[PDB]
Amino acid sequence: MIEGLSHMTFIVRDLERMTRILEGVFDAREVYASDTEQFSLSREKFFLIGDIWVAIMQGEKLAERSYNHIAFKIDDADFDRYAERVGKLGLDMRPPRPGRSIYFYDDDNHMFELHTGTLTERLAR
């Protein structure tokens, strides 16, 4: 049996900028940096978004953008606030459709989504 999600891992060109994205958009909390170690060549950081473990490692960006995406849940009341946060970070986004979502990209062609709706709502529609 699958107990739940363990972690999601993203490879990014610039660990510092990705840190600012995860902190700026999701209020991610940095819990680990391999840079606190002596002679570790590879560079990684671990973050928590609530109880979600996100790991980032420095490497190459995704070649192309695609519609593979990871979506986090927010409340409908915070939709404009979150669109603002994405704005202040200077991130590319998909246009807001006329549940609702904000889709944006980090600096390495990963797509993320902030979605106000639920599965139950989605299936009933």
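So that there is no doubt, residue numbering starts at 1 and follows the sequence shown.
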- Comparing 89 to 97 with 73 to 81, the one whose average Cα B-factor in the PDB entry is higher: 89 to 97
- Query: Which third, lowest, middle or highest, does the CA B-factor of residue 66 fall in along this chain?
  - Reply: lowest
- Third assignment of residue 2 from its chain's C-alpha B-factors: highest
- Message: Sorting by Cα B-factor within the chain, modelled residues only, which third would residue 46 end up in: lowest, middle or highest?
- Response: lowest
